[PDB]
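Source file: my_file-v9.txt; contents: compact mmCIF, N, CA and C atoms.
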# COMPACT_ATOMS: atom_id res chain seq x y z
N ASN L 121 19.27 -3.33 13.84
CA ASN L 121 18.35 -3.23 14.95
C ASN L 121 18.38 -1.81 15.51
N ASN L 122 17.50 -1.53 16.46
CA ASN L 122 17.54 -0.26 17.17
C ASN L 122 17.05 -0.50 18.60
N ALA L 123 16.71 0.58 19.30
CA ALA L 123 16.55 0.52 20.75
C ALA L 123 15.43 -0.42 21.17
N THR L 124 14.29 -0.37 20.47
CA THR L 124 13.09 -1.06 20.93
C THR L 124 12.74 -2.30 20.12
N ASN L 125 13.28 -2.47 18.92
CA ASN L 125 12.90 -3.60 18.08
C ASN L 125 14.01 -3.87 17.07
N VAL L 126 13.69 -4.67 16.06
CA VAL L 126 14.64 -5.04 15.02
C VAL L 126 14.04 -4.67 13.66
N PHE L 127 14.92 -4.56 12.67
CA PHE L 127 14.53 -4.17 11.32
C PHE L 127 15.21 -5.16 10.38
N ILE L 128 14.44 -6.08 9.82
CA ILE L 128 14.92 -7.04 8.84
C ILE L 128 14.19 -6.77 7.53
N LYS L 129 14.96 -6.63 6.45
CA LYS L 129 14.39 -6.42 5.13
C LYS L 129 15.26 -7.11 4.09
N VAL L 130 14.67 -7.36 2.93
CA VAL L 130 15.37 -7.96 1.79
C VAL L 130 15.19 -7.00 0.62
N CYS L 131 16.14 -6.08 0.45
CA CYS L 131 16.09 -5.11 -0.63
C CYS L 131 17.42 -5.05 -1.36
N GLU L 132 17.58 -4.06 -2.24
CA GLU L 132 18.78 -4.00 -3.07
C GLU L 132 19.99 -3.56 -2.25
N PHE L 133 19.81 -2.54 -1.40
CA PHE L 133 20.83 -2.12 -0.43
C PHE L 133 22.16 -1.80 -1.12
N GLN L 134 22.12 -0.72 -1.90
CA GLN L 134 23.27 -0.35 -2.73
C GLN L 134 24.54 -0.19 -1.90
N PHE L 135 24.57 0.81 -1.02
CA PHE L 135 25.76 1.09 -0.21
C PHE L 135 25.49 2.17 0.83
N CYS L 136 26.20 2.12 1.95
CA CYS L 136 26.12 3.15 2.97
C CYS L 136 27.45 3.83 3.23
N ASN L 137 28.51 3.05 3.46
CA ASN L 137 29.84 3.58 3.80
C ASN L 137 29.78 4.53 4.99
N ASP L 138 28.85 4.28 5.92
CA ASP L 138 28.68 5.12 7.09
C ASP L 138 27.99 4.36 8.22
N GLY L 158 18.58 5.28 7.96
CA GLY L 158 18.85 5.73 6.61
C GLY L 158 20.14 5.17 6.05
N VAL L 159 20.48 3.95 6.46
CA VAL L 159 21.71 3.31 5.99
C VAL L 159 21.63 3.04 4.50
N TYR L 160 20.52 2.49 4.04
CA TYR L 160 20.35 2.14 2.64
C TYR L 160 19.83 3.33 1.84
N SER L 161 20.05 3.28 0.52
CA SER L 161 19.62 4.35 -0.37
C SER L 161 19.02 3.79 -1.66
N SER L 162 18.43 2.59 -1.59
CA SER L 162 17.81 1.98 -2.75
C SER L 162 16.66 1.09 -2.29
N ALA L 163 15.72 0.84 -3.20
CA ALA L 163 14.57 0.00 -2.89
C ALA L 163 14.10 -0.67 -4.18
N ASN L 164 14.52 -1.91 -4.39
CA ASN L 164 14.07 -2.70 -5.53
C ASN L 164 13.77 -4.11 -5.05
N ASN L 165 12.60 -4.63 -5.42
CA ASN L 165 12.14 -5.95 -5.00
C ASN L 165 12.19 -6.09 -3.48
N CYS L 166 11.70 -5.06 -2.79
CA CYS L 166 11.73 -5.01 -1.33
C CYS L 166 10.69 -5.97 -0.77
N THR L 167 11.15 -7.14 -0.33
CA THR L 167 10.28 -8.16 0.25
C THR L 167 10.74 -8.50 1.65
N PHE L 168 9.85 -9.14 2.41
CA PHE L 168 10.12 -9.66 3.74
C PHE L 168 10.60 -8.56 4.69
N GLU L 169 9.69 -7.62 4.94
CA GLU L 169 9.90 -6.62 5.98
C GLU L 169 9.53 -7.24 7.33
N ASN Z 317 -1.00 -60.80 16.32
CA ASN Z 317 -0.85 -59.63 17.17
C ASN Z 317 -2.17 -58.89 17.27
N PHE Z 318 -2.36 -58.17 18.37
CA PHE Z 318 -3.56 -57.39 18.60
C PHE Z 318 -3.20 -55.92 18.75
N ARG Z 319 -4.05 -55.06 18.21
CA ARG Z 319 -3.88 -53.62 18.31
C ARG Z 319 -5.23 -52.97 18.54
N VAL Z 320 -5.21 -51.77 19.11
CA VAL Z 320 -6.40 -50.94 19.22
C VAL Z 320 -6.40 -49.97 18.05
N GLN Z 321 -7.42 -50.06 17.21
CA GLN Z 321 -7.56 -49.10 16.13
C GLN Z 321 -7.86 -47.72 16.71
N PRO Z 322 -7.32 -46.65 16.12
CA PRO Z 322 -7.57 -45.31 16.65
C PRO Z 322 -9.06 -44.99 16.66
N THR Z 323 -9.51 -44.38 17.76
CA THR Z 323 -10.92 -44.03 17.88
C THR Z 323 -11.31 -42.98 16.85
N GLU Z 324 -10.44 -41.99 16.62
CA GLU Z 324 -10.71 -40.94 15.65
C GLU Z 324 -9.38 -40.37 15.19
N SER Z 325 -9.42 -39.67 14.06
CA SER Z 325 -8.25 -39.00 13.50
C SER Z 325 -8.39 -37.51 13.75
N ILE Z 326 -7.41 -36.92 14.43
CA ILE Z 326 -7.41 -35.50 14.76
C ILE Z 326 -6.22 -34.85 14.06
N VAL Z 327 -6.49 -33.76 13.35
CA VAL Z 327 -5.46 -32.97 12.69
C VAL Z 327 -5.37 -31.62 13.38
N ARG Z 328 -4.17 -31.24 13.79
CA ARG Z 328 -3.95 -30.00 14.52
C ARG Z 328 -2.79 -29.24 13.89
N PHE Z 329 -3.01 -27.96 13.62
CA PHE Z 329 -2.02 -27.09 13.02
C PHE Z 329 -1.93 -25.80 13.82
N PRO Z 330 -0.79 -25.11 13.77
CA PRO Z 330 -0.64 -23.88 14.55
C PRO Z 330 -1.66 -22.83 14.13
N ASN Z 331 -2.17 -22.10 15.11
CA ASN Z 331 -3.12 -21.03 14.84
C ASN Z 331 -2.45 -19.95 14.01
N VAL Z 332 -3.15 -19.49 12.97
CA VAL Z 332 -2.60 -18.55 12.01
C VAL Z 332 -3.16 -17.17 12.29
N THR Z 333 -2.28 -16.17 12.37
CA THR Z 333 -2.67 -14.79 12.63
C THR Z 333 -2.00 -13.84 11.64
N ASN Z 334 -1.65 -14.34 10.45
CA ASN Z 334 -1.02 -13.49 9.45
C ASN Z 334 -1.95 -12.37 9.02
N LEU Z 335 -3.18 -12.72 8.62
CA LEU Z 335 -4.23 -11.76 8.30
C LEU Z 335 -3.78 -10.78 7.21
N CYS Z 336 -3.54 -11.34 6.03
CA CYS Z 336 -3.14 -10.52 4.90
C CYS Z 336 -4.25 -9.53 4.56
N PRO Z 337 -3.90 -8.30 4.18
CA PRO Z 337 -4.94 -7.29 3.93
C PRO Z 337 -5.74 -7.54 2.66
N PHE Z 338 -6.36 -8.71 2.55
CA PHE Z 338 -7.28 -8.96 1.45
C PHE Z 338 -8.50 -8.04 1.54
N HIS Z 339 -8.99 -7.81 2.76
CA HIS Z 339 -10.11 -6.88 2.94
C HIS Z 339 -9.71 -5.46 2.58
N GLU Z 340 -8.43 -5.11 2.74
CA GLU Z 340 -7.99 -3.75 2.43
C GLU Z 340 -8.00 -3.49 0.93
N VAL Z 341 -7.79 -4.52 0.11
CA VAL Z 341 -7.83 -4.38 -1.34
C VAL Z 341 -9.20 -4.76 -1.90
N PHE Z 342 -10.19 -4.98 -1.04
CA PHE Z 342 -11.54 -5.31 -1.47
C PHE Z 342 -12.56 -4.26 -1.06
N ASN Z 343 -12.13 -3.15 -0.46
CA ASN Z 343 -13.03 -2.09 -0.06
C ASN Z 343 -12.54 -0.71 -0.49
N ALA Z 344 -11.47 -0.64 -1.29
CA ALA Z 344 -10.92 0.64 -1.68
C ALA Z 344 -11.82 1.34 -2.69
N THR Z 345 -11.84 2.67 -2.63
CA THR Z 345 -12.65 3.49 -3.51
C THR Z 345 -11.83 4.26 -4.54
N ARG Z 346 -10.56 4.54 -4.24
CA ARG Z 346 -9.72 5.42 -5.05
C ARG Z 346 -8.87 4.63 -6.05
N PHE Z 347 -9.41 3.54 -6.59
CA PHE Z 347 -8.69 2.75 -7.58
C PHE Z 347 -8.27 3.60 -8.77
N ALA Z 348 -7.04 3.36 -9.24
CA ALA Z 348 -6.47 4.10 -10.36
C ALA Z 348 -6.90 3.46 -11.68
N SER Z 349 -6.24 3.84 -12.76
CA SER Z 349 -6.61 3.38 -14.10
C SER Z 349 -6.13 1.94 -14.30
N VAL Z 350 -6.26 1.46 -15.54
CA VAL Z 350 -5.92 0.07 -15.86
C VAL Z 350 -4.44 -0.09 -16.19
N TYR Z 351 -3.87 0.83 -16.97
CA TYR Z 351 -2.48 0.70 -17.38
C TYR Z 351 -1.51 0.84 -16.21
N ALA Z 352 -1.95 1.43 -15.10
CA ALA Z 352 -1.11 1.62 -13.91
C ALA Z 352 -1.68 0.73 -12.80
N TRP Z 353 -1.19 -0.50 -12.74
CA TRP Z 353 -1.66 -1.49 -11.77
C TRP Z 353 -0.52 -1.85 -10.82
N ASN Z 354 -0.85 -1.98 -9.54
CA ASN Z 354 0.13 -2.40 -8.54
C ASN Z 354 0.67 -3.79 -8.81
N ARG Z 355 1.71 -4.17 -8.08
CA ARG Z 355 2.07 -5.57 -7.88
C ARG Z 355 2.18 -5.76 -6.37
N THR Z 356 1.04 -6.03 -5.73
CA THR Z 356 1.01 -6.12 -4.27
C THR Z 356 1.77 -7.36 -3.82
N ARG Z 357 2.68 -7.17 -2.87
CA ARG Z 357 3.53 -8.25 -2.38
C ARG Z 357 2.78 -8.99 -1.28
N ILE Z 358 2.24 -10.16 -1.61
CA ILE Z 358 1.56 -11.01 -0.63
C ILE Z 358 2.64 -11.91 -0.04
N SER Z 359 3.28 -11.42 1.02
CA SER Z 359 4.37 -12.12 1.68
C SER Z 359 4.02 -12.38 3.13
N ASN Z 360 4.49 -13.52 3.64
CA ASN Z 360 4.21 -14.00 5.00
C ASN Z 360 2.76 -13.75 5.39
N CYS Z 361 1.85 -14.12 4.49
CA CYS Z 361 0.42 -13.96 4.67
C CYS Z 361 -0.24 -15.32 4.88
N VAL Z 362 -1.56 -15.30 4.99
CA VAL Z 362 -2.38 -16.50 5.04
C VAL Z 362 -3.37 -16.45 3.89
N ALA Z 363 -3.45 -17.54 3.13
CA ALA Z 363 -4.37 -17.62 1.99
C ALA Z 363 -5.76 -18.02 2.50
N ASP Z 364 -6.41 -17.05 3.14
CA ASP Z 364 -7.77 -17.22 3.63
C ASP Z 364 -8.72 -16.64 2.59
Output the file's structure in the form of structure tokens.
Amino acid sequence: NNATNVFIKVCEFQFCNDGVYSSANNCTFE
Amino acid sequence: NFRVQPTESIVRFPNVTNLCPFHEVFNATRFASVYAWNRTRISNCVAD
């Protein structure tokens, strides 16, 4: 989430270990 | 036993406001070639 709204997605989401995600495959349900 | 038969049958469903961009893919001018075709994700839409 962030200050004004929420962010829900269904993607590959490789890794952050900390622009959190760095991959996008079969990105559905934004 | 006695019953009152229903006067009429009413079907009610929630109002739909998904409004999938079917019109957006039906008025485009800059269509690309045949071998390079999208796979448009029709998700949480309404099949209108």
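Once residue 336 (chain Z) and its same-chain neighbours fewer than 5 positions away are set aside, residues 341, 358, 359, 360, 361, 362, 363 and 364 of chain Z remain within 10 Å of it when counting only C-alpha atoms.
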Written file, previous selection with N, CA and C atoms, as a PDB file, keeping the file's coordinate frame:
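Full text of selection-v1.pdb as output:
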ATOM      1  N   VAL Z 341      -7.790  -4.520   0.110  1.00  0.00           N
ATOM      2  CA  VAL Z 341      -7.830  -4.380  -1.340  1.00  0.00           C
ATOM      3  C   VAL Z 341      -9.200  -4.760  -1.900  1.00  0.00           C
ATOM      4  N   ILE Z 358       2.240 -10.160  -1.610  1.00  0.00           N
ATOM      5  CA  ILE Z 358       1.560 -11.010  -0.630  1.00  0.00           C
ATOM      6  C   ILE Z 358       2.640 -11.910  -0.040  1.00  0.00           C
ATOM      7  N   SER Z 359       3.280 -11.420   1.020  1.00  0.00           N
ATOM      8  CA  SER Z 359       4.370 -12.120   1.680  1.00  0.00           C
ATOM      9  C   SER Z 359       4.020 -12.380   3.130  1.00  0.00           C
ATOM     10  N   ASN Z 360       4.490 -13.520   3.640  1.00  0.00           N
ATOM     11  CA  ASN Z 360       4.210 -14.000   5.000  1.00  0.00           C
ATOM     12  C   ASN Z 360       2.760 -13.750   5.390  1.00  0.00           C
ATOM     13  N   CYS Z 361       1.850 -14.120   4.490  1.00  0.00           N
ATOM     14  CA  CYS Z 361       0.420 -13.960   4.670  1.00  0.00           C
ATOM     15  C   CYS Z 361      -0.240 -15.320   4.880  1.00  0.00           C
ATOM     16  N   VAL Z 362      -1.560 -15.300   4.990  1.00  0.00           N
ATOM     17  CA  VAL Z 362      -2.380 -16.500   5.040  1.00  0.00           C
ATOM     18  C   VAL Z 362      -3.370 -16.450   3.890  1.00  0.00           C
ATOM     19  N   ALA Z 363      -3.450 -17.540   3.130  1.00  0.00           N
ATOM     20  CA  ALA Z 363      -4.370 -17.620   1.990  1.00  0.00           C
ATOM     21  C   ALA Z 363      -5.760 -18.020   2.500  1.00  0.00           C
ATOM     22  N   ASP Z 364      -6.410 -17.050   3.140  1.00  0.00           N
ATOM     23  CA  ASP Z 364      -7.770 -17.220   3.630  1.00  0.00           C
ATOM     24  C   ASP Z 364      -8.720 -16.640   2.590  1.00  0.00           C
TER      25      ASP Z 364
END
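Here atom N of residue 165 (chain L) is placed at a distance of 10.2 Å from CA of residue 357 (chain Z).
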Please determine the contact residues of chain L with respect to chain Z at a cut-off of 9 Å, counting only C-alpha atoms, and supply them as a ChimeraX atom specification.
/L:166-169
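When CA of residue 351 (chain Z) is paired with CA of residue 164 (chain L), their separation reads 20.6 Å.
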Would you compute an axis-aligned box for region 329-344 of chain Z, covering every atom listed for it in the file with 4 Å of margin on each side, and report centre and edge lengths in Å to one decimal as AutoDock Vina command-line options?
--center_x -6.8 --center_y -13.3 --center_z 6.2 --size_x 20.4 --size_y 37.3 --size_z 25.8
Å distance separating CA of residue 353 (chain Z) from atom N of residue 335 (chain Z), one decimal place:
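Interatomic distance here is 23.3 Å.
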Fill-in result for region 319-340 of chain Z, N, CA, C and O atoms as an mmCIF file, in the frame of the given file:
data_model
loop_
_atom_site.group_PDB
_atom_site.id
_atom_site.type_symbol
_atom_site.label_atom_id
_atom_site.label_comp_id
_atom_site.auth_asym_id
_atom_site.auth_seq_id
_atom_site.Cartn_x
_atom_site.Cartn_y
_atom_site.Cartn_z
ATOM 1 N N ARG Z 319 -4.050 -55.060 18.210
ATOM 2 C CA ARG Z 319 -3.880 -53.620 18.310
ATOM 3 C C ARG Z 319 -5.230 -52.970 18.540
ATOM 4 O O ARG Z 319 -6.279 -53.534 18.206
ATOM 5 N N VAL Z 320 -5.210 -51.770 19.110
ATOM 6 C CA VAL Z 320 -6.400 -50.940 19.220
ATOM 7 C C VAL Z 320 -6.400 -49.970 18.050
ATOM 8 O O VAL Z 320 -5.469 -49.169 17.898
ATOM 9 N N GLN Z 321 -7.420 -50.060 17.210
ATOM 10 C CA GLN Z 321 -7.560 -49.100 16.130
ATOM 11 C C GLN Z 321 -7.860 -47.720 16.710
ATOM 12 O O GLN Z 321 -8.576 -47.608 17.709
ATOM 13 N N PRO Z 322 -7.320 -46.650 16.120
ATOM 14 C CA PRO Z 322 -7.570 -45.310 16.650
ATOM 15 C C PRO Z 322 -9.060 -44.990 16.660
ATOM 16 O O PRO Z 322 -9.780 -45.284 15.706
ATOM 17 N N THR Z 323 -9.510 -44.380 17.760
ATOM 18 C CA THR Z 323 -10.920 -44.030 17.880
ATOM 19 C C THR Z 323 -11.310 -42.980 16.850
ATOM 20 O O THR Z 323 -12.386 -43.055 16.245
ATOM 21 N N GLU Z 324 -10.440 -41.990 16.620
ATOM 22 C CA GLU Z 324 -10.710 -40.940 15.650
ATOM 23 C C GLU Z 324 -9.380 -40.370 15.190
ATOM 24 O O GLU Z 324 -8.343 -40.547 15.839
ATOM 25 N N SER Z 325 -9.420 -39.670 14.060
ATOM 26 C CA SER Z 325 -8.250 -39.000 13.500
ATOM 27 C C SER Z 325 -8.390 -37.510 13.750
ATOM 28 O O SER Z 325 -9.384 -36.894 13.338
ATOM 29 N N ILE Z 326 -7.410 -36.920 14.430
ATOM 30 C CA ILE Z 326 -7.410 -35.500 14.760
ATOM 31 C C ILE Z 326 -6.220 -34.850 14.060
ATOM 32 O O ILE Z 326 -5.091 -35.338 14.155
ATOM 33 N N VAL Z 327 -6.490 -33.760 13.350
ATOM 34 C CA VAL Z 327 -5.460 -32.970 12.690
ATOM 35 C C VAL Z 327 -5.370 -31.620 13.380
ATOM 36 O O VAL Z 327 -6.390 -30.941 13.558
ATOM 37 N N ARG Z 328 -4.170 -31.240 13.790
ATOM 38 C CA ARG Z 328 -3.950 -30.000 14.520
ATOM 39 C C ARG Z 328 -2.790 -29.240 13.890
ATOM 40 O O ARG Z 328 -1.721 -29.808 13.654
ATOM 41 N N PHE Z 329 -3.010 -27.960 13.620
ATOM 42 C CA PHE Z 329 -2.020 -27.090 13.020
ATOM 43 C C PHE Z 329 -1.930 -25.800 13.820
ATOM 44 O O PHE Z 329 -2.887 -25.419 14.502
ATOM 45 N N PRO Z 330 -0.790 -25.110 13.770
ATOM 46 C CA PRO Z 330 -0.640 -23.880 14.550
ATOM 47 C C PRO Z 330 -1.660 -22.830 14.130
ATOM 48 O O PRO Z 330 -1.989 -22.696 12.948
ATOM 49 N N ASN Z 331 -2.170 -22.100 15.110
ATOM 50 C CA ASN Z 331 -3.120 -21.030 14.840
ATOM 51 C C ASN Z 331 -2.450 -19.950 14.010
ATOM 52 O O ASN Z 331 -1.330 -19.523 14.304
ATOM 53 N N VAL Z 332 -3.150 -19.490 12.970
ATOM 54 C CA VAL Z 332 -2.600 -18.550 12.010
ATOM 55 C C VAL Z 332 -3.160 -17.170 12.290
ATOM 56 O O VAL Z 332 -4.383 -16.999 12.435
ATOM 57 N N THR Z 333 -2.280 -16.170 12.370
ATOM 58 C CA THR Z 333 -2.670 -14.790 12.630
ATOM 59 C C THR Z 333 -2.000 -13.840 11.640
ATOM 60 O O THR Z 333 -1.796 -12.664 11.944
ATOM 61 N N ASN Z 334 -1.650 -14.340 10.450
ATOM 62 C CA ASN Z 334 -1.020 -13.490 9.450
ATOM 63 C C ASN Z 334 -1.950 -12.370 9.020
ATOM 64 O O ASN Z 334 -1.578 -11.192 9.040
ATOM 65 N N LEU Z 335 -3.180 -12.720 8.620
ATOM 66 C CA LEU Z 335 -4.230 -11.760 8.300
ATOM 67 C C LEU Z 335 -3.780 -10.780 7.210
ATOM 68 O O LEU Z 335 -3.627 -9.579 7.437
ATOM 69 N N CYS Z 336 -3.540 -11.340 6.030
ATOM 70 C CA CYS Z 336 -3.140 -10.520 4.900
ATOM 71 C C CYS Z 336 -4.250 -9.530 4.560
ATOM 72 O O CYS Z 336 -5.433 -9.871 4.644
ATOM 73 N N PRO Z 337 -3.900 -8.300 4.180
ATOM 74 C CA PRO Z 337 -4.940 -7.290 3.930
ATOM 75 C C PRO Z 337 -5.740 -7.540 2.660
ATOM 76 O O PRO Z 337 -5.792 -6.675 1.775
ATOM 77 N N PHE Z 338 -6.360 -8.710 2.550
ATOM 78 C CA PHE Z 338 -7.280 -8.960 1.450
ATOM 79 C C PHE Z 338 -8.500 -8.040 1.540
ATOM 80 O O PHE Z 338 -8.989 -7.549 0.520
ATOM 81 N N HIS Z 339 -8.990 -7.810 2.760
ATOM 82 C CA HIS Z 339 -10.110 -6.880 2.940
ATOM 83 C C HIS Z 339 -9.710 -5.460 2.580
ATOM 84 O O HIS Z 339 -10.563 -4.667 2.162
ATOM 85 N N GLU Z 340 -8.430 -5.110 2.740
ATOM 86 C CA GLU Z 340 -7.990 -3.750 2.430
ATOM 87 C C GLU Z 340 -8.000 -3.490 0.930
ATOM 88 O O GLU Z 340 -8.212 -2.344 0.508
#
